[PDB]
Amino acid sequence: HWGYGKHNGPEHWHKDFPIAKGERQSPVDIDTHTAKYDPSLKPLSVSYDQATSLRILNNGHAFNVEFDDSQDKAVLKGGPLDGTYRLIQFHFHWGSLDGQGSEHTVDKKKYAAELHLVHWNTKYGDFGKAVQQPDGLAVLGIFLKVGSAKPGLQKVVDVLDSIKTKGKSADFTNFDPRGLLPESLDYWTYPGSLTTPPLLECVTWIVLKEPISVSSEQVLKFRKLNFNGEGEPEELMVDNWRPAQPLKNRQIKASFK
Ligand SMILES: CCCCOc1ccc(S(N)(=O)=O)cc1
Ligand code: NA
Ligand code: NA
Ligand SMILES: [Zn+2]
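In full-length UniProt numbering, the protein residues as written are 4 to 260.
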């Protein structure tokens with residue numbers, strides 16, 4: 004019964020998920036001054052040309068675009084990774100207002116939203132086994148700022164009317180996630196966790212330096228989704244972000260000077 008409300012939100016999660024107070028929780032604030040450039044970091048290899056999107060689902064917390072992960076169709080390699088990580092889904096976190104919504108912050112600045120492309124380490128065979136491992140997942144995080152529209156996001160925006168409430172899904176084949184990326188692949192990286200329950204500490208976080216710009220209308224339509232199921236009282240799906248958590252002496256590395 005976790006969520007983002009006053010009664011079941013981030014302050015409450017530790018009671019059912021005590022790792023919420025763990026040693027490598029996410030998100031964090033990225034202090035750019037103290038993140039150190041690491042010349043041993045490799046460029047990120049994003050290979051999405053064979054991606055097979057399947058479906059979009061309102062899960063009561065966000066909406067997820069799911070992919071076929073039964074072969075190496077859409078993979079993340081390189082960067083800080085030492086393995087091949089398959090794309091399973093992407094989703095966003097966003098605010099009720101343009102001035103909040105991201106999970107990670109940059110020098111304490113919040114963005115309007117944050118995109119998470121979730122990948123699992125193929126040496127563990129399936130996502131379920133990967134989330135039992137400290138290097139099971141790699142999440143590529145991309146900030147959204149409000150400005151000009153993002154053309155590659157519009158197909159997502161225009162299906163949202165058909166998944167308004169929790170438990171609704173719709174076909175979402177032939178979506179190209181390359182249209183959600185910024186120009187640069189420069190990144191920060193650190194070891195962390197899932198940002199929602201069960202808060203498992205599996206994730207190599209890779210957060211891109213360059214935000215994407217989306218229009219006010221695009222993010223406005225995210226905010227018309229509902230946390231509730233059909234026939235229940237309407238609760239707008241807004242402010243589905245966890246605040247920054249203690250760094251606990253982790254270090255954040257930068258791929259760029
Ligand atoms: C068994 C795990 C199910 C939940 O999976 C997830 C996957 C990714 C995230 S995030 N927001 O850290 O990208 C949160 C939950
Ligand atoms: Na540092
Ligand atoms: Na297959
Ligand atoms: Zn997320």
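For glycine and all other residues, C-beta sits at the position ideal for the given N, C-alpha and C.
Among the options, which residue has its Cα nearest to the Cα of residue i?
i       : options                            : result
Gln-28  : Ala-133, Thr-176, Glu-106, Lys-45  : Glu-106
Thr-207 : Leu-60, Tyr-88, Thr-55, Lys-171    : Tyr-88
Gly-98  : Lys-260, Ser-258, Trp-244, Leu-250 : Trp-244
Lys-112 : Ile-33, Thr-168, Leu-143, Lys-169  : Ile-33
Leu-100 : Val-109, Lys-148, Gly-63           : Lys-148
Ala-247 : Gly-234, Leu-47, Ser-56, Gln-103   : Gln-103
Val-241 : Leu-223, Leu-197, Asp-41           : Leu-223
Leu-118 : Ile-209, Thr-35, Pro-236, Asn-229  : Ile-209
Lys-167 : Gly-232, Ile-22, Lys-80            : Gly-232
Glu-69  : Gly-81, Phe-130, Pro-83, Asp-85    : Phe-130
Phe-66  : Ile-255, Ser-165, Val-142, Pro-194 : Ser-165
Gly-182 : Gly-195, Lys-153, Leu-203          : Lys-153
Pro-83  : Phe-20, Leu-228, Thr-192           : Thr-192
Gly-8   : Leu-184, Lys-260, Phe-230          : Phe-230
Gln-221 : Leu-211, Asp-179, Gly-150          : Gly-150
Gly-195 : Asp-179, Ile-22, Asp-72, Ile-215   : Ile-22
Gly-234 : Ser-43, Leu-79, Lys-171            : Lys-171
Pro-13  : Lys-256, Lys-212, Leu-202, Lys-260 : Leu-202
Drop a sphere of 10 angstroms on the beta-carbon of residue i, count the other beta-carbons inside from all chains shown, and report buried for 16 or more, exposed for fewer.
i       : result
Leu-120 : buried
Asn-252 : exposed
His-96  : buried
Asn-124 : buried
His-122 : buried
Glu-204 : buried
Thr-108 : buried
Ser-56  : buried
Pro-249 : exposed
Quick check on DSSP: helix, strand or coil for residue i?
i       : result
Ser-218 : coil
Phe-95  : strand
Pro-137 : coil
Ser-48  : strand
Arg-58  : strand
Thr-192 : strand
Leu-100 : coil
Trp-16  : helix
Could you check where the beta strand (DSSP E) with residue i kicks off and where it finishes?
i       : result
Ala-141 : 140-149
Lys-111 : Segment: none, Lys-111 is in no beta strand (DSSP E) and carries neither H nor E.
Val-241 : No beta strand (DSSP E) holds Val-241; DSSP gives it neither H nor E.
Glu-69  : 66-70
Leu-79  : 78-81
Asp-174 : 172-174
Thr-198 : Here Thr-198 belongs to no beta strand (DSSP E), and DSSP marks it neither H nor E.
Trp-208 : 206-211
Please report whether the beta-carbon of residue i lies at a distance below 9 Å from any beta-carbon of chain D.
i       : result
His-107 : Checking the listed chains, one finds no chain D in this structure; it contains a single protein chain.
Quick check: what's the CA-CA separation for residue i versus residue j?
i         : j       : result
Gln-135   : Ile-145 : 25 Å
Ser-258   : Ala-38  : 10 Å
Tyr-114   : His-17  : 26 Å
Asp-52    : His-10  : 43 Å
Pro-46    : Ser-187 : 10 Å
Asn-61    : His-4   : 16 Å
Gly-86    : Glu-237 : 43 Å
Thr-198   : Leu-239 : 20 Å
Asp-161   : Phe-175 : 11 Å
residue 2 : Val-159 : What is shown of the chain runs 4 to 260, which leaves residue 2 out entirely.
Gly-25    : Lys-169 : 29 Å
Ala-116   : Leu-143 : 14 Å
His-15    : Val-31  : 18 Å
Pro-42    : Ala-173 : 44 Å
State the start and end residues of the unbroken alpha helix (DSSP H) segment that holds residue i.
i       : result
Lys-158 : 157-162
Taking only heavy atoms of ligand 5 into account, decide whether any of them is closer than 8 Å to the Cβ of residue i.
i       : result
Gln-103 : In the structure shown, ligand 5 is absent; the only ligands present are ligand 1, ligand 2, ligand 3 and ligand 4.
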